[PDB]
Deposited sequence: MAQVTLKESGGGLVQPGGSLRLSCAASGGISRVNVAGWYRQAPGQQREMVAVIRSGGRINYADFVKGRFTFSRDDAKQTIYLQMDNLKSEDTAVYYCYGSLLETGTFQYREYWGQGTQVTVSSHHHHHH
């Protein structure tokens, strides 16, 4: 299983980007999927993840700003990131804890990162 991130780019405050993270490969089930932030010289930290509850849980820094959503036939996720600001910009990484078809061991995956700039 492999993750390609898409979207991301360059805008100024009150701007919008929309992140695709698309998973190839077989998947029976999703323990967690989501995005993390990493600001230069700081701890990476959690932003938006769906647990298998269905209980989406946002970081404080998220208001109604960012909007998680999914497309299960196409094995893709999305975060609509409205009203972007400079004080939030960072590297943004897709995140998967997933169960492939023929196994019962979950496995963590990270996307290569996505530059979000302002």
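Residues of the deposited sequence lacking C-alpha coordinates fall in the stretches 1-3, 121, 123-129, numbered from 1.
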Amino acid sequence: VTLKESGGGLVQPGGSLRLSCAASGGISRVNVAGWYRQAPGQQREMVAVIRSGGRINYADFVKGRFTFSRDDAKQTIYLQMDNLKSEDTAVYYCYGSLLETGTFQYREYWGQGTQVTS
From here on, numbers count along this sequence of modelled residues.
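Here 5-13 and 105-113 are compared by their mean Cα B-factor, and 5-13 comes out higher. When the two stretches 28-36 and 52-60 are set side by side, the higher mean Cα temperature factor goes to 52-60. Among all modelled residues in this chain, the alpha-carbon of residue 47 has a temperature factor (C-alpha) in the middle third.
Sort the chain's modelled residues by C-alpha temperature factor and residue 77 lands in the lowest third, per the entry.
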